[PDB]
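All values below come from the heavy atoms of this structure, side chains included, with hydrogens, waters and symmetry mates left out. Chain A is the first sequence line, chain B the second, and so forth, proteins listed ahead of strands; every chain is numbered from 1.
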Amino acid sequence: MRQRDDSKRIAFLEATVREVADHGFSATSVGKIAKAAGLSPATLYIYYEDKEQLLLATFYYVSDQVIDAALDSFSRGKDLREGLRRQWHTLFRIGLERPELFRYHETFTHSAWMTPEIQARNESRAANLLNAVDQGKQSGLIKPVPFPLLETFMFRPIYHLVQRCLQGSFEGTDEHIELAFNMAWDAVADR
Amino acid sequence: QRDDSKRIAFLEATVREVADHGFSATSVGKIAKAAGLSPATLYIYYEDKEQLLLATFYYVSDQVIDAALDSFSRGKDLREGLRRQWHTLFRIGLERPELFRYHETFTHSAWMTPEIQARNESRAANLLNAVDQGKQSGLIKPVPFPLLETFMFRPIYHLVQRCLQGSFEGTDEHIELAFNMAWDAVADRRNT
């Protein structure tokens with residue numbers, strides 16, 4: 001059955017997330033992922049050619065889960081600010097509950113496994129979000145600034161604050177998450 | 001004076017080696033070698049690795065905090081002070097990113113303690129007290145300090161890194177625009 005195949009794939013994907021988040025890429029072998037998933041390496045090779053391919057499938061599994069949830073939340077907002085606000089809360093919750101997804105993404109994107117094609121693929125999946133933000137630049141809602149700046153003030157602070165919350169230097173209350181969003185919005189909002 | 005110079009050689013070698021290879025890989029011997037001096041010489045000034053790493057953290061922090069305080073004090077008001085400090089910090093990151101990396105590596109390590117934190121907050125008191133007053137006066141949003149750190153200081157580190165990796169151009173104009181965004185993030189909008 002397909003459902004059995006998918007269950008096994010999810011086991012390997014989740015195992016790779018945990019192992020790499022705890023130990024990094026180098027220390028994490030095919031053998032170790034398989035053992036963490038509770039399956040044999042022979043079974044791993046039925047689904048993934050090699051380590052490289054499983055690390056990339058895992059990157060897409062992590063990225064798609066996060067992007068899809070963000071997009072779903074964003075789609076419920078009646079205007080750009082509300083959409084971004086709903087997405088922000090959603091991403092904060094994902095980071096607080098599944099920080100390993102954030103850590104896998106971060107480790108991957110800053111490694112030699114990352115490529116422009118991989119970035120473009122995730123950008124394409126996040127299209128509805130990115131195009132909405134671009135359209136806010138055109139309409140005078142969002143400062144007409146290069147994207148690196150928008151990323152710095154509207155996306156990156158979520159990662160940083162989730163880390164501080166989990167390390168005990170900030171309390172991840174709904175009130176504090178909203179305050180942070182308010183600040184991200186003010187940063188990017190055209191005056 | 002000549003004492004300050006041998007010391008500087010060791011402190012700078014510590015900054016370079018740790019920034020490049022991390023703490024665990026950096027021994028007294030490699031720091032001494034990087035400095036062009038013997039471990040026996042190193043031990044004249046620093047008792048062991050622990051003490052050299054701490055002294056290096058204070059050297060890095062003092063260099064940066066003092067430059068920031070100096071620039072902040074030339075501002076004609078709070079916003080101008082923060083804008084000048086921002087430009088000075090961004091320039092320091094561009095020229096000496098190893099200072100930022102040493103600070104980051106150390107603060108995110110087991111060597112870091114609340115007492116060390118407090119000592120740096122103390123040296124920076126004039127800035128932090130002015131920012132705190134701004135939180136009650138209508139200038140700065142009355143939010144927890146970790147949010148102020150997130151939107152007013154951390155973006156300098158992130159943008160410096162992007163500049164050095166080629167994903168952002170660190171022109172005077174761009175540095176100013178980024179500060180305007182950071183200010184908008186932290187600034188209390190009541191009455192405007």
Side-chain angles (χ1 to χ4, degrees), chain A residues 80-81 84-85 88 133-161 179-191, chain B residues 64 67-95 100 127-128 130-135 137-164 167-192:
Chain A
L80 182 54
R81 187 188 191 276
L84 290 175
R85 193 178 73 80
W88 171 281
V133 172
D134 190 77
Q135 171 62 47
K137 291 165 78 176
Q138 287 178 74
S139 68
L141 285 176
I142 306 293
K143 290 178 173 82
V145 300
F147 205 74
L149 289 174
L150 293 176
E151 184 269 334
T152 302
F153 290 102
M154 183 47 78
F155 301 99
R156 188 65 178 179
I158 300 172
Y159 188 89
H160 179 69
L161 282 166
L179 288 178
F181 175 74
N182 297 339
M183 297 167 78
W185 175 258
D186 289 341
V188 303
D190 193 294
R191 307 308 173 78
Chain B
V64 172
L69 289 177
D70 175 71
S71 290
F72 181 76
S73 75
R74 294 159 193 285
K76 296 182 174 180
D77 60 15
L78 183 62
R79 189 184 192 280
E80 278 298 297
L82 291 170
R83 184 178 76 79
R84 292 170 159 270
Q85 150 230 75
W86 170 285
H87 277 265
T88 297
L89 283 167
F90 204 118
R91 289 176 164 235
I92 296 165
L94 291 173
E95 300 284 293
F100 280 23
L127 160 69
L128 299 172
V131 166
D132 280 352
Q133 281 197 16
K135 286 168 59 170
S137 70
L139 279 175
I140 306 295
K141 290 178 174 77
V143 295
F145 200 82
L147 296 188
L148 295 184
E149 182 278 315
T150 299
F151 289 94
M152 182 52 75
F153 300 94
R154 187 67 172 176
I156 302 174
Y157 185 90
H158 183 73
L159 287 170
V160 163
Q161 177 162 292
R162 291 191 79 129
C163 289
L164 291 165
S167 67
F168 194 55
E169 272 190 356
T171 62
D172 287 320
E173 269 198 293
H174 280 172
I175 291 163
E176 177 79 357
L177 171 58
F179 171 80
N180 290 339
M181 294 174 77
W183 175 258
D184 281 356
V186 306
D188 185 331
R189 304 182 60 188
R190 288 175 290 177
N191 302 314
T192 60

Residues at least two apart in sequence or cross-chain that pass side-chain hydrogen bond (donor to acceptor under 3.5 Å, both in side chains) with B:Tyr157, listed by chain then number, are B:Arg101

Taken to the nearest 0.5 Å, the spacing of B:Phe90 CZ from B:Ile156 CD1 works out to 7.5 Å

So ring-ring contact (aromatic ring centres under 6.0 Å, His included) across residues 133-158 of chain A, not counting sequence neighbours, yields none

The side chain to side chain contact (heavy atoms under 4.5 Å, CB included) partners of B:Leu139 (sequence neighbours excluded) come to B:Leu78, B:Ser137

Residue pairs meeting salt bridge (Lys or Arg N to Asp or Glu O under 4.0 Å), one or both in residues 173-182 of chain B, sequence neighbours left out, come to B:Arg83-B:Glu176

Looking only at heavy atoms, the pair that brings B:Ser167 and A:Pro148 closest together is O-CG, 3.3 Å

For B:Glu95, look at atom CD and say whether over 12 heavy atoms of other residues, nucleotides or ligands are found less than 6.0 Å away. no

Scanning both residues in full, the closest heavy-atom pair of B:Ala178 with B:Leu159 reads CB-CD1, 3.6 Å

Sorted by chain and residue number, the side chain to side chain contact (heavy atoms under 4.5 Å, CB included) partners of B:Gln133 (sequence neighbours excluded) come out as none

Here the pair of heavy atoms bringing B:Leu89 nearest to B:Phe100 is O-CZ, 3.2 Å

Rounded to the nearest 0.5 Å, the CD atom of A:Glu151 sits from the CZ atom of B:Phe168 at a distance of 11.0 Å

For A:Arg191, the side-chain hydrogen bond (donor to acceptor under 3.5 Å, both in side chains) test, sequence neighbours excluded, returns none

Would you say the side-chain atoms of B:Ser71 pair up with the backbone N or O of B:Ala68, donor to acceptor, closer than 3.5 Å?
no

Across all chains, not counting sequence neighbours, the side-chain hydrogen bond (donor to acceptor under 3.5 Å, both in side chains) partners of A:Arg156 are A:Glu106

B:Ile140 and B:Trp183: CA distance, side-chain angles, deciding distance, side chain to side chain contact (heavy atoms under 4.5 Å, CB included) verdict | CA-CA 9 Å; B:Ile140 306 295; B:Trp183 175 258; 3.7 Å; yes

Sorted by chain and number, sequence neighbours left out, side-chain hydrogen bond (donor to acceptor under 3.5 Å, both in side chains) with B:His174 holds for none

- In sequence, state the C-alpha distance, the side-chain angles, and the governing distance for A:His160 and B:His158, and then conclude on side chain to side chain contact (heavy atoms under 4.5 Å, CB included). CA-CA 11 Å; A:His160 179 69; B:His158 183 73; over 6 Å; no

Closest non-hydrogen contact found for B:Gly138 with B:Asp188 is O-CB, 3.2 Å

Taken in chain and number order and not counting sequence neighbours, the residues that satisfy salt bridge (charged side-chain N to carboxylate O under 4.0 Å, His left out) with B:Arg79 are none

With sequence neighbours left out, the residues meeting side chain to side chain contact (heavy atoms under 4.5 Å, CB included) with B:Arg91 are B:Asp172

Side chain to side chain contact (heavy atoms under 4.5 Å, CB included) filter on B:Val143, not counting sequence neighbours, yields A:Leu179, A:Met183, B:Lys141, B:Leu147, B:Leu148

Shortest non-hydrogen pair, B:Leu94 vs B:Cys163, comes out as CD2-CB, 3.6 Å

Donor-acceptor contact present, side-chain A:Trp88 to main-chain A:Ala184, <3.5 Å: no

Applying salt bridge (charged side-chain N to carboxylate O under 4.0 Å, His left out) to B:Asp70 and not counting sequence neighbours gives B:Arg74

Taking every heavy atom of B:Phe72 against every heavy atom of B:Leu82, the minimum-distance pair comes out as CD1-N, 3.8 Å

